[PDB]
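Source file: upload_9.pdb; contents: PDB, N, CA and C atoms.
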MODEL        1
ATOM      1  N   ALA A   2     164.636 187.105  11.881  1.00  0.00           N
ATOM      2  CA  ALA A   2     165.476 186.357  10.973  1.00  0.00           C
ATOM      3  C   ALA A   2     166.694 185.774  11.696  1.00  0.00           C
ATOM      4  N   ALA A   3     167.322 186.546  12.584  1.00  0.00           N
ATOM      5  CA  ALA A   3     168.472 186.080  13.328  1.00  0.00           C
ATOM      6  C   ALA A   3     168.134 184.745  14.021  1.00  0.00           C
ATOM      7  N   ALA A   4     167.000 184.755  14.720  1.00  0.00           N
ATOM      8  CA  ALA A   4     166.617 183.595  15.510  1.00  0.00           C
ATOM      9  C   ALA A   4     166.238 182.437  14.615  1.00  0.00           C
ATOM     10  N   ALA A   5     165.516 182.735  13.540  1.00  0.00           N
ATOM     11  CA  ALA A   5     165.033 181.736  12.627  1.00  0.00           C
ATOM     12  C   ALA A   5     166.186 180.915  12.040  1.00  0.00           C
ATOM     13  N   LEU A   6     167.200 181.641  11.591  1.00  0.00           N
ATOM     14  CA  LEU A   6     168.349 181.033  10.949  1.00  0.00           C
ATOM     15  C   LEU A   6     169.237 180.341  11.984  1.00  0.00           C
ATOM     16  N   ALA A   7     169.478 180.985  13.122  1.00  0.00           N
ATOM     17  CA  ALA A   7     170.262 180.370  14.178  1.00  0.00           C
ATOM     18  C   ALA A   7     169.687 178.990  14.565  1.00  0.00           C
ATOM     19  N   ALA A   8     168.356 178.949  14.658  1.00  0.00           N
ATOM     20  CA  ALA A   8     167.650 177.742  15.082  1.00  0.00           C
ATOM     21  C   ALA A   8     167.778 176.644  14.034  1.00  0.00           C
ATOM     22  N   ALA A   9     167.763 177.037  12.769  1.00  0.00           N
ATOM     23  CA  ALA A   9     167.881 176.093  11.672  1.00  0.00           C
ATOM     24  C   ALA A   9     169.179 175.297  11.837  1.00  0.00           C
ATOM     25  N   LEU A  10     170.231 176.059  12.085  1.00  0.00           N
ATOM     26  CA  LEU A  10     171.560 175.516  12.267  1.00  0.00           C
ATOM     27  C   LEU A  10     171.595 174.533  13.433  1.00  0.00           C
ATOM     28  N   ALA A  11     171.000 174.947  14.542  1.00  0.00           N
ATOM     29  CA  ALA A  11     170.999 174.173  15.770  1.00  0.00           C
ATOM     30  C   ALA A  11     170.408 172.786  15.535  1.00  0.00           C
ATOM     31  N   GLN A  12     169.297 172.788  14.812  1.00  0.00           N
ATOM     32  CA  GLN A  12     168.570 171.554  14.564  1.00  0.00           C
ATOM     33  C   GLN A  12     169.300 170.629  13.609  1.00  0.00           C
ATOM     34  N   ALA A  13     169.782 171.184  12.509  1.00  0.00           N
ATOM     35  CA  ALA A  13     170.565 170.430  11.547  1.00  0.00           C
ATOM     36  C   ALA A  13     171.744 169.676  12.166  1.00  0.00           C
ATOM     37  N   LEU A  14     172.374 170.308  13.152  1.00  0.00           N
ATOM     38  CA  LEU A  14     173.527 169.700  13.799  1.00  0.00           C
ATOM     39  C   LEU A  14     173.166 169.159  15.164  1.00  0.00           C
TER
ENDMDL
END
Is it possible to give me this structure as structure tokens?
Amino acid sequence: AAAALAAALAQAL
């Protein structure tokens, strides 16, 4: 979950 959510953020921005 940590990685999944971190990555979401990265892509959005």
| task | For CA of residue 14 in chain A and CA of residue 2 in chain A, quote the distance in Å rounded to one decimal. | result |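 For CA of residue 14 in chain A relative to CA of residue 2 in chain A, the distance reads 18.7 Å.
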| request: Give the helix (DSSP H, G or I) residues of chain A, as DSSP finds them on the backbone, and put them as number ranges by chain. | output: A: 3-13
Please give the centre and size of the box around chain A (axis-aligned, containing every atom listed in the file, 5 Å added per side), with values in Å to one decimal and written as AutoDock Vina command-line options.
--center_x 169.1 --center_y 178.1 --center_z 13.4 --size_x 18.9 --size_y 27.9 --size_z 14.8
